[PDB]
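Working notes, structure below.
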Amino acid sequence: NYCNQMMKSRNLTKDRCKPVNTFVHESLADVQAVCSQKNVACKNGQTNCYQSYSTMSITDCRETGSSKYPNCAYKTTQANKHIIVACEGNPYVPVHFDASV
Amino acid sequence: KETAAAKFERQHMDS
């Protein structure tokens with residue numbers, strides 16, 4: 001399973017089971033460019049969020065109701081949607097994944 | 001060691 005494999009290898013579920021996590025299959029340069037695209041408010045009300053002009057290939061990884069450490073279980077949902085990321089620093093780079101529309 | 005931008009890359013990037 002891509003999600004079980006990737007989450008593990010990325011040290012994401014090595015010491016616990018992360019309930020949800022999205023993976024972006026676009027280049028890093030192209031994802032970093034979103035920080036200068038459409039400004040929107042994060043779900044929390046913050047406004048340092050940016051929505052990508054176009055849709056991007058992403059894979060949603062969600063734990064199943066049965067999942068329990070050490071045996072984490074994820075459902076793999078591949079899709080193409082706009083991504084919304086929060087940006088900070090200098091340069092202005094993504095630091096959080098807010099959502100995918 | 002790991003910064004917020006670095007953490008985002010490791011957790012969400014898979015070009």
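Letters A, B, ... mark the chains of the structure tokens in the order given; residue numbers begin at 1 per chain; ligand numbers begin at 1, in order shown.
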Item to complete: Could you please tell me, as a VMD selection string, which residues of chain B have an atom within 6 Å of chain A when using only C-alpha atoms?
Response: chain B and resid 4 to 5 8 12 to 15
Worksheet entry | Backbone-only DSSP, strand (DSSP E or B) members of chain A, as a ChimeraX atom specification | /A:20-24,38-40,49-51,56-63,68,71,74-81,83-88,93-100
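Backbone DSSP over chain B yields alpha helix (DSSP H) at residues 4, 5, 6, 7, 8, 9, 10, 11 and 12 of chain B.
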Fill in: Spatial neighbours of residue A:4, 12 Å, only C-alpha atoms, chain gap at least 2 places, as an MDAnalysis selection string
chainID A and resid 1:2 6:14 17:21 59:64 67 70:76
Practice prompt. Write out as JSON, numbers by chain the residues lying within 7 Å of stretch 44-56 of chain A, counting only C-alpha atoms and excluding same-chain residues fewer than 4 positions away.
Written response: {"A": [26, 34, 35, 37, 38, 39, 40, 80, 81, 82, 83, 84, 85, 86, 87]}
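One finds atom CA of residue A:15 at 8.3 Å from atom CA of residue A:69.
Our summary of the geometry notes that atom CA of residue B:2 is positioned 28.5 Å from atom CA of residue A:101.
Rounded to one decimal, atom CA of residue A:43 and atom CA of residue A:100 lie 11.4 Å from each other.
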